[PDB]
Amino acid sequence: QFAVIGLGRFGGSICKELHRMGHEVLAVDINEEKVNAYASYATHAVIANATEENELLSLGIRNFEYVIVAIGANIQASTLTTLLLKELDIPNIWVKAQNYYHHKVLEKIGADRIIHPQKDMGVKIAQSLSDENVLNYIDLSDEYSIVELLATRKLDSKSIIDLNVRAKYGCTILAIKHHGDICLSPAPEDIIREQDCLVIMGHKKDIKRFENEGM
Amino acid sequence: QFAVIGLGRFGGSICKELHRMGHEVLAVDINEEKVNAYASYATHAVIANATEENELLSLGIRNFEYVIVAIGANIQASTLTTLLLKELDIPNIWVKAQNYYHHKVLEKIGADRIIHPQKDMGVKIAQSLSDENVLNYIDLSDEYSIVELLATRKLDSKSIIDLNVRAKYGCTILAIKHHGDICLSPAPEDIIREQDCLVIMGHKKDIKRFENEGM
Amino acid sequence: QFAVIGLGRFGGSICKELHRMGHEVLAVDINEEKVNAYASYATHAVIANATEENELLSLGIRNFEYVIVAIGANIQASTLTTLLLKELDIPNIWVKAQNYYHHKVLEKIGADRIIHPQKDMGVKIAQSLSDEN
Amino acid sequence: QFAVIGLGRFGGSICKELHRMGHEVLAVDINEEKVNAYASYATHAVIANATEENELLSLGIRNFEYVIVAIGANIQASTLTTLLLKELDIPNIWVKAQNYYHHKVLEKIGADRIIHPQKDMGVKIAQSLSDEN
Amino acid sequence: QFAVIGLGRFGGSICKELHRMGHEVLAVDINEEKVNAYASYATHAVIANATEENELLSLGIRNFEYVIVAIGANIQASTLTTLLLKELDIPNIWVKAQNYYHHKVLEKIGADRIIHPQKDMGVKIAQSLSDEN
Amino acid sequence: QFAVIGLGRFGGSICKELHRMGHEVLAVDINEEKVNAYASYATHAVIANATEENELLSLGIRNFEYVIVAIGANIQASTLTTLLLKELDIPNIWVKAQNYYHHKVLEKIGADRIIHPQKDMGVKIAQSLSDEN
Amino acid sequence: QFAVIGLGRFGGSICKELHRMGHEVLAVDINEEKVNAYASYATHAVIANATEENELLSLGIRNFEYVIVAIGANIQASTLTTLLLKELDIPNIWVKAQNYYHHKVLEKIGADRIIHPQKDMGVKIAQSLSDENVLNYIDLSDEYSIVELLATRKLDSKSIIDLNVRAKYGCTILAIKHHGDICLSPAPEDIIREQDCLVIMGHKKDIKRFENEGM
Amino acid sequence: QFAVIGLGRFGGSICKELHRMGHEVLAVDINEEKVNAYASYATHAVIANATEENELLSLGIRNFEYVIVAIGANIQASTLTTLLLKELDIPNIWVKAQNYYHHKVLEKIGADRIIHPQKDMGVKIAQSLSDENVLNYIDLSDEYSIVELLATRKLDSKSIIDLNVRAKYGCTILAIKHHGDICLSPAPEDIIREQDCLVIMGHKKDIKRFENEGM
Ligand SMILES: Nc1ncnc2c1ncn2[C@@H]1O[C@H](COP(=O)(O)OP(=O)(O)O)[C@@H](O)[C@H]1O
Ligand SMILES: Nc1ncnc2c1ncn2[C@@H]1O[C@H](COP(=O)(O)OP(=O)(O)O)[C@@H](O)[C@H]1O
Ligand SMILES: Nc1ncnc2c1ncn2[C@@H]1O[C@H](COP(=O)(O)OP(=O)(O)O)[C@@H](O)[C@H]1O
Ligand SMILES: Nc1ncnc2c1ncn2[C@@H]1O[C@H](COP(=O)(O)OP(=O)(O)O)[C@@H](O)[C@H]1O
Ligand SMILES: Nc1ncnc2c1ncn2[C@@H]1O[C@H](COP(=O)(O)OP(=O)(O)O)[C@@H](O)[C@H]1O
Ligand SMILES: Nc1ncnc2c1ncn2[C@@H]1O[C@H](COP(=O)(O)OP(=O)(O)O)[C@@H](O)[C@H]1O
Ligand SMILES: Nc1ncnc2c1ncn2[C@@H]1O[C@H](COP(=O)(O)OP(=O)(O)O)[C@@H](O)[C@H]1O
Ligand SMILES: Nc1ncnc2c1ncn2[C@@H]1O[C@H](COP(=O)(O)OP(=O)(O)O)[C@@H](O)[C@H]1O
């Protein structure tokens, strides 16, 4: 179902994670050491030059719905490989881009999705920096969002009804995670202890307000 | 308030994003071209060798609450920088790790947070791969999660009350985004049209079940 | 009618010859000396970075039916330029290829004609060697 | 009858084309991969450093009426090879020139024909652009 | 009982002297010549990259109570080796420091003793100059 | 009474320690920063190129009974300096050796004592490892 | 009148010596330090790339009757320089050759004189080796030579008439240098003291004979 | 009788020339190709590292009265070799110097003669440049010299008595070389034809005078 062509810092993580999730993954790499190291973290692991068409054919690359092109430094190899894959009519080709130019040429040679890892981690890290309590989040729209917050010493031993967010800030609490244990859509009697995960939902500015005065 | 020491693919994104959010950021780089290119995307931009203590002092680095060490290839430079910063009693030092070894030595020299960008993008990309319908998601815990899904033709013109997720699958719908318009905590009469954003919340396997039989 | 983007050993020859035949040619080059040397061998000669879209727009590159991409060594610059030209709906884009890979990426990004100079002169020279008469 | 010393974009084409025409061609190259790839496109293919006289002798280079010096980037190697060949009394020595200077030194050391591939393809491409019909 | 990882001016001396005293010493080195030269001055001598964990395991490095990290110039290799050894729960890890920074990072990753050779020989030489008698 | 020509890891230690013991020491260094840093750790500190005879004369190097040549990496500078000092009839010349070869040439050019810092600290460290008590 | 293009071990010596003799010399070098060091040993000294024609023109290189190309390692630079100089119609171009190939190409591009320094010093050193008594010499032809000899204890207090070289060995004595004082075409009564300079002239083998039995 | 340790541009010439003169020479070289190439130009040729004492012993280096150290670039190897040779009490050790420092250390480690090839060829070339007619010469003293001159079109078909040098310039002609044929101490009736070798003897300034007005 999944084939990962470059087993580096980026692609290797994709391989290991997909394997950990329970999907079947074929790992490819030109470097034998890399192939050996990922033998345990993949259904199958093969030594192959992804820029060589007959080798791609030998891999049975056609058996796959998703092929990930994760060769970092060598732009030539990456775009050539992506090209060969597009020739073989692979349904989904995901390639890691190094820069603007690489993104452009991948764009035109029919890459289905282009990933800028360090860029995205850039914005994500910026998000966590801007607010140290936000552990994670998802934006529903330009104005509305669901936010994951780390409870500070302002929130310990407080009940949901005490923190009347539904009226005071127009936001609603969705979940509380205490010592790994999880409470979904909790009732107003429930207690939030410090260092716990708190999942709020509402307007961005309203959530910021609640963070400011509340915690 | 924020200082970014390495203006590369990773650090540059952090800088640009922090600047876009409205925070004041001091960008550092040994490469003059990089400093010039990030002049517009930062409050201040300086040419400096982050491995030279007197230069760090010249930057007024102690005036900052958060310093980001984002020098990629040069592990020596990274750990040296982190060390010097730790000597200067910087409250929060975030460093990009290249490998396991780098993570360990940064860990021991008192790095406050160590980031593996390509790894994390690895797992999230794996997440988007496992379901093309999940546009985004957030893990509340090992078993429970909030998921954003792309509506298929199986869900078109279906009501929330028609798709009884709260009893049949034990999960709860949180939001519906239809042509950009947004419905928060929608009522059972509401309609879901295909290709719209659907926000479900619950157990991972249960949501997977709902994906399987429902859509 | 004709624009030549790279004034090197290859492109410069195209420019000079087209000019000698009596056609009007706009010569482009990032190197000022090259532009100066071909001032006499072209209707107009301009300093410009062919990988910069706004510069291409400033050249009035769309007013041309034929644009020749003759940047040799820099594969990246060549393909990026070809790309920008393809975006600007240029009717005929002819590019000099460095190798097989360059030929492939140029092929896919919609190059109208891809030339392998050394190859073609190769077969031509072989022809001349086969019968000197 | 024919020997091609540099199996690159230029020389490789000469080799392949001469072989395709039905002439017997000896392909030389310092790079083993190139030699391997042109085994099928030549009567014989040999790994050799064309700047080493004893290797040239080992090739039986004197048995040839036409020897082609097609080493691109390395001007030094090119002129050294041409020189050694001129010493071995080769009847016809054709060399690919990189620039004006290379053309001059090849000219003086007795090169029988000096080819500027990109230039000639330049004028021919200009010809084709001038009248597409 | 003793393992010396870097057989240079510093570590080689440790090895030779420990061997001369009658203790059993395992000498390690990435350079084959060094390993060969110290075969006679050690119980066992092995070619190995001290920055590679599986090689460390292959050496049976855990069987040793004292491991000496004596890699000079390469600070990275030194700290990486020290780190790997600290992971393998080596009881006593003594490392040669190049500078203040190296001393600090070795200090934090749990080096049992950090030696500054030139400094100590400095103070001792000063002692000898102060009273030659 | 004492002159230290190289203020590095080795020589700087000698200087600082001799100064701490109460002897008068003249510190030399080609690097101004080094001279500045050791201003407090020496009776006098001077910027000078030890391979330049007139500079040595300007230092009043002959007024000293002991001159320490502690220039590490630069073997040439070290031996040249030692040589100039031997010409100037310096009573005691002590030089830091880099390797066997350096030891040999220093040996022949009349060095009074040749020190191998890393070697000696090597045996010393081996001693400390043999009996931790 | 004289221009030296390469100020290295070879060319620098030519420059310095020509300057010491009293001729006016323009020294050229691409290396600024070299140009600075030869400022005192030349009429003029200039930083210039000898492979750049416009720079050569800027030097006023055509105003010179003799131009010396003494660039060692870089054969390409040497031949290119020689070529450019030949284009500028320089009357006399002397170039240092690195090897046989270099000698040949310089020969063909119209070098007026090609020098192999280490070769020539090779043969002369061989000459001084064959007889430690020959301090210097000059070959008139393949068979005949003029030789300068160091007097041994076999020749001490001997007269020219005592050592009848003109008949017994067919050679003729030309000069005697005794404690620096010099005697040209000395009379038969003159005495030769040991360790003095003796200038004989004749056939090589005959002089060797005289060395053998005489001294 | 002679051993040459470095078979390069310099040492190889010494070897070949000594061999051509008829002396027996042992050539040493660490490079096998060099040893093979000089097999024909030496009595014996051996592959050896001159910095290795036991190899020197294996060569039978002790059998030689003269050992030439002609290793160019590697100063360390040169001085180390010279040192080893001095330890083995070789009577005559001649070494090629690269620079001032090398000359100094060779001087102190007991080198019997130190040669600066390119320097000496420098002064020699300067001599031939200063006067194009002087082919060679030997200085008897600061003021007096014997000079070899190339006859110009001023001297063709002239008799020695016509060019009364013995009175007019105080100099005396010693030899005339015509088409390889040689005339020693020629009588006044003899003719000098152009392009012939002419050997004059006398005062330097006087010889210059004769060159000026005569030829
Ligand atoms: N032609 C190729 N075929 C297959 N695998 C390749 C090829 N070129 C590179 N790779 C693999 O891709 C990986 C690149 O990893 P890396 O350079 O760390 O990129 P990233 O930083 O994106 O992880 C390497 O592990 C290498 O083995
Ligand atoms: N010692 C240093 N001090 C300051 N900046 C540095 C230093 N070393 C490297 N840099 C900067 O850090 C940047 C590294 O970026 P890059 O190598 O792309 O890392 P990444 O791939 O993680 O973005 C370079 O642009 C360089 O200018
Ligand atoms: N990005 C660019 N935009 C515009 N001109 C460029 C760009 N990159 C290179 N050039 C020009 O193209 C020319 C390339 O010529 P060259 O490298 O000699 O190729 P060739 O050998 O095929 O002629 C150079 O003279 C350079 O000035
Ligand atoms: N010294 C040499 N002897 C023999 N062959 C050589 C030598 N140097 C280079 N070559 C060969 O000549 C070829 C030159 O090809 P290339 O650099 O592509 O020139 P071009 O661009 O003109 O084709 C290479 O394949 C190389 O193997
Ligand atoms: N990664 C490594 N693994 C094992 N041994 C190493 C490694 N790197 C260097 N060494 C060895 O360590 C020794 C270091 O010696 P040297 O550089 O002279 O240090 P010092 O000057 O302290 O003696 C070398 O002999 C080298 O072979
Ligand atoms: N020619 C010279 N004259 C005077 N001082 C010199 C000369 N060459 C080097 N030095 C000084 O000697 C010091 C050498 O120290 P270093 O290279 O660290 O050797 P070590 O590692 O043995 O201390 C340098 O600080 C330099 O300033
Ligand atoms: N292209 C050039 N133009 C001018 N000077 C040059 C050029 N290339 C080299 N040189 C000079 O010529 C000198 C070469 O000297 P060197 O390598 O010692 O030759 P040699 O050993 O024959 O003296 C260098 O000092 C360098 O500065
Ligand atoms: N350790 C050594 N033992 C023997 N021969 C050596 C050694 N090192 C170098 N050589 C020889 O000395 C020669 C040096 O020649 P080269 O570098 O041209 O110097 P030069 O310019 O004085 O001729 C080389 O041919 C090499 O084979």
# chains A, B, ... in the order shown; residues from 1 in each chain; ligands from 1
$ residues_around --residues "residue 74 (chain E)" --least-positions-apart "5" --cutoff "12 Å" --atoms "only C-alpha atoms" --output "mmCIF file with N, CA and C atoms, in the first residue's frame"
data_model
loop_
_atom_site.group_PDB
_atom_site.id
_atom_site.type_symbol
_atom_site.label_atom_id
_atom_site.label_comp_id
_atom_site.auth_asym_id
_atom_site.auth_seq_id
_atom_site.Cartn_x
_atom_site.Cartn_y
_atom_site.Cartn_z
ATOM 1 N N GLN B 76 28.886 20.782 15.728
ATOM 2 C CA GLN B 76 29.824 21.455 16.619
ATOM 3 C C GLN B 76 29.351 22.872 16.917
ATOM 4 N N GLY E 6 42.169 5.894 21.583
ATOM 5 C CA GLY E 6 42.948 6.674 20.639
ATOM 6 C C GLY E 6 44.438 6.458 20.800
ATOM 7 N N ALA E 50 35.401 4.368 16.925
ATOM 8 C CA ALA E 50 34.860 4.527 18.274
ATOM 9 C C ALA E 50 33.545 5.306 18.315
ATOM 10 N N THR E 51 33.132 5.844 17.172
ATOM 11 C CA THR E 51 31.882 6.588 17.090
ATOM 12 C C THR E 51 30.753 5.696 16.584
ATOM 13 N N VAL E 69 39.360 7.703 26.339
ATOM 14 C CA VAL E 69 39.057 8.376 25.088
ATOM 15 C C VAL E 69 40.169 9.362 24.771
ATOM 16 N N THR E 79 33.552 13.513 21.785
ATOM 17 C CA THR E 79 32.339 13.639 22.587
ATOM 18 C C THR E 79 31.325 12.549 22.249
ATOM 19 N N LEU E 80 31.252 12.183 20.973
ATOM 20 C CA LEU E 80 30.381 11.095 20.533
ATOM 21 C C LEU E 80 30.798 9.768 21.160
ATOM 22 N N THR E 81 32.099 9.497 21.142
ATOM 23 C CA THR E 81 32.643 8.293 21.758
ATOM 24 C C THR E 81 32.356 8.262 23.255
ATOM 25 N N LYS E 96 40.553 13.031 26.935
ATOM 26 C CA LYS E 96 41.440 14.160 26.690
ATOM 27 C C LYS E 96 40.671 15.331 26.086
ATOM 28 N N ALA E 97 40.754 16.490 26.734
ATOM 29 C CA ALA E 97 40.063 17.684 26.261
ATOM 30 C C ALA E 97 40.966 18.552 25.392
ATOM 31 N N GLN E 98 40.383 19.163 24.366
ATOM 32 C CA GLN E 98 41.124 20.053 23.481
ATOM 33 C C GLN E 98 41.075 21.490 23.982
ATOM 34 N N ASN E 99 39.917 21.895 24.486
ATOM 35 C CA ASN E 99 39.745 23.259 24.965
ATOM 36 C C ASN E 99 38.700 23.367 26.070
ATOM 37 N N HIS E 102 35.257 21.879 25.042
ATOM 38 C CA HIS E 102 35.326 20.422 25.047
ATOM 39 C C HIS E 102 35.255 19.895 26.473
#
$ residues_near_ligand --ligand "ligand 1" --cutoff "10 Å" --atoms "only C-alpha atoms and all ligand atoms" --output "VMD selection string"
(chain A and resid 4 to 13 27 to 35 46 to 52 55 to 56 69 to 78 80 to 81 95 to 98 116 to 118) or (chain B and resid 98 to 99 117 to 119 122)
$ interface_residues --of "chain C" --to "chain A" --cutoff "8 Å" --atoms "only C-alpha atoms" --output "list in words"
residues 76, 79, 80, 83, 101, 104, 105, 108 and 109 of chain C
$ residues_near_ligand --ligand "ligand 5" --cutoff "7 Å" --atoms "only C-alpha atoms and all ligand atoms" --output "list in words"
residues 5, 6, 7, 8, 9, 10, 11, 28, 29, 30, 31, 34, 48, 49, 50, 51, 70, 71, 72, 73, 74, 77 and 96 of chain E; 118 of chain F
$ write_last_selection --atoms "N, CA and C atoms" --output "tab-separated table (two decimals), in the first residue's frame"
chain	number	residue	atom	x	y	z
E	5	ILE	N	41.34	4.01	23.48
E	5	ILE	CA	40.60	4.15	22.24
E	5	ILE	C	41.36	4.93	21.16
E	6	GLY	N	42.17	5.89	21.58
E	6	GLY	CA	42.95	6.67	20.64
E	6	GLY	C	44.44	6.46	20.80
E	7	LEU	N	45.06	5.82	19.81
E	7	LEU	CA	46.49	5.55	19.87
E	7	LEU	C	47.30	6.64	19.17
E	8	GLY	N	47.34	7.81	19.79
E	8	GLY	CA	48.13	8.92	19.29
E	8	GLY	C	49.31	9.20	20.20
E	9	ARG	N	49.82	10.43	20.14
E	9	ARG	CA	50.90	10.86	21.01
E	9	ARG	C	50.54	10.67	22.48
E	10	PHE	N	49.29	10.97	22.82
E	10	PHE	CA	48.82	10.88	24.20
E	10	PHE	C	48.41	9.45	24.55
E	11	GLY	N	47.40	8.94	23.85
E	11	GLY	CA	46.86	7.62	24.13
E	11	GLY	C	47.83	6.47	23.92
E	28	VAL	N	42.65	0.42	20.73
E	28	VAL	CA	41.72	0.61	19.63
E	28	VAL	C	42.25	1.72	18.72
E	29	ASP	N	42.00	1.61	17.42
E	29	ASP	CA	42.31	2.72	16.52
E	29	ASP	C	41.61	2.57	15.18
E	30	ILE	N	41.15	3.69	14.62
E	30	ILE	CA	40.50	3.68	13.32
E	30	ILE	C	41.54	3.53	12.21
E	31	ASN	N	42.77	3.94	12.50
E	31	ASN	CA	43.86	3.85	11.54
E	31	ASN	C	44.60	2.53	11.68
E	34	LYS	N	48.41	2.49	12.91
E	34	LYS	CA	48.52	2.67	14.36
E	34	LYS	C	48.27	1.36	15.09
E	48	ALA	N	38.94	-0.05	14.76
E	48	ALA	CA	37.55	0.24	15.05
E	48	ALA	C	37.25	1.73	15.04
E	49	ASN	N	36.04	2.08	14.60
E	49	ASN	CA	35.55	3.44	14.69
E	49	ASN	C	34.80	3.61	16.00
E	50	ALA	N	35.40	4.37	16.93
E	50	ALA	CA	34.86	4.53	18.27
E	50	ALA	C	33.55	5.31	18.31
E	51	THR	N	33.13	5.84	17.17
E	51	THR	CA	31.88	6.59	17.09
E	51	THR	C	30.75	5.70	16.58
E	70	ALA	N	41.08	8.96	23.89
E	70	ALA	CA	42.22	9.79	23.55
E	70	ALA	C	42.24	10.10	22.06
E	71	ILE	N	41.18	10.74	21.59
E	71	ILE	CA	41.15	11.28	20.24
E	71	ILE	C	41.33	12.79	20.31
E	72	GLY	N	42.41	13.27	19.70
E	72	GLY	CA	42.79	14.66	19.84
E	72	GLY	C	41.94	15.62	19.02
E	73	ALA	N	42.31	15.80	17.76
E	73	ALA	CA	41.77	16.88	16.93
E	73	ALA	C	40.25	16.85	16.82
E	74	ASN	N	39.70	15.69	16.52
E	74	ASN	CA	38.26	15.57	16.28
E	74	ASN	C	37.46	15.64	17.58
E	77	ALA	N	34.16	13.52	17.34
E	77	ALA	CA	34.41	12.10	17.54
E	77	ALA	C	34.62	11.80	19.02
E	96	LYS	N	40.55	13.03	26.93
E	96	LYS	CA	41.44	14.16	26.69
E	96	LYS	C	40.67	15.33	26.09
F	118	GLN	N	52.05	15.47	25.53
F	118	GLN	CA	51.00	14.47	25.47
F	118	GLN	C	51.51	13.07	25.82
$ select_by_dssp --residues "chain A" --states "strand (DSSP E or B)" --output "PyMOL selection string"
chain A and resi 2-4+25-29+44-47+66-69+92-96+113-115+134-139+144-150+158-159+172-178+181-184+191-192+197-203
$ residues_around --residues "region 155-166 of chain H" --least-positions-apart "4" --cutoff "7 Å" --atoms "only C-alpha atoms" --output "VMD selection string"
chain H and resid 151 170 to 172 188 to 194 215
$ write_last_selection --atoms "N, CA and C atoms" --output "mmCIF file, in the first residue's frame"
data_model
loop_
_atom_site.group_PDB
_atom_site.id
_atom_site.type_symbol
_atom_site.label_atom_id
_atom_site.label_comp_id
_atom_site.auth_asym_id
_atom_site.auth_seq_id
_atom_site.Cartn_x
_atom_site.Cartn_y
_atom_site.Cartn_z
ATOM 1 N N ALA H 151 79.251 35.245 -32.377
ATOM 2 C CA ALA H 151 79.692 36.228 -33.362
ATOM 3 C C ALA H 151 78.516 36.811 -34.135
ATOM 4 N N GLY H 170 92.957 45.486 -24.674
ATOM 5 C CA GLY H 170 93.723 44.825 -23.633
ATOM 6 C C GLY H 170 93.264 43.408 -23.338
ATOM 7 N N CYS H 171 92.445 42.854 -24.226
ATOM 8 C CA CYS H 171 91.926 41.502 -24.053
ATOM 9 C C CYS H 171 92.549 40.536 -25.056
ATOM 10 N N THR H 172 92.481 39.244 -24.761
ATOM 11 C CA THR H 172 93.064 38.238 -25.641
ATOM 12 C C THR H 172 92.057 37.148 -26.011
ATOM 13 N N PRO H 188 96.976 34.884 -35.490
ATOM 14 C CA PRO H 188 96.359 36.110 -36.019
ATOM 15 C C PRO H 188 95.817 36.006 -37.446
ATOM 16 N N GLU H 189 96.248 35.010 -38.213
ATOM 17 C CA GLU H 189 95.761 34.853 -39.581
ATOM 18 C C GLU H 189 94.377 34.205 -39.635
ATOM 19 N N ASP H 190 93.970 33.570 -38.539
ATOM 20 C CA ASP H 190 92.718 32.814 -38.510
ATOM 21 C C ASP H 190 91.490 33.699 -38.700
ATOM 22 N N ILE H 191 90.466 33.132 -39.327
ATOM 23 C CA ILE H 191 89.246 33.865 -39.633
ATOM 24 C C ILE H 191 88.114 33.492 -38.678
ATOM 25 N N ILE H 192 87.341 34.491 -38.263
ATOM 26 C CA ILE H 192 86.126 34.258 -37.492
ATOM 27 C C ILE H 192 84.911 34.485 -38.378
ATOM 28 N N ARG H 193 84.094 33.453 -38.534
ATOM 29 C CA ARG H 193 82.884 33.561 -39.334
ATOM 30 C C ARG H 193 81.704 33.790 -38.399
ATOM 31 N N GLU H 194 80.637 34.397 -38.908
ATOM 32 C CA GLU H 194 79.487 34.727 -38.071
ATOM 33 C C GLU H 194 78.840 33.470 -37.500
ATOM 34 N N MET H 215 81.482 44.468 -32.047
ATOM 35 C CA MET H 215 80.394 43.628 -32.536
ATOM 36 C C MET H 215 79.036 44.224 -32.175
#
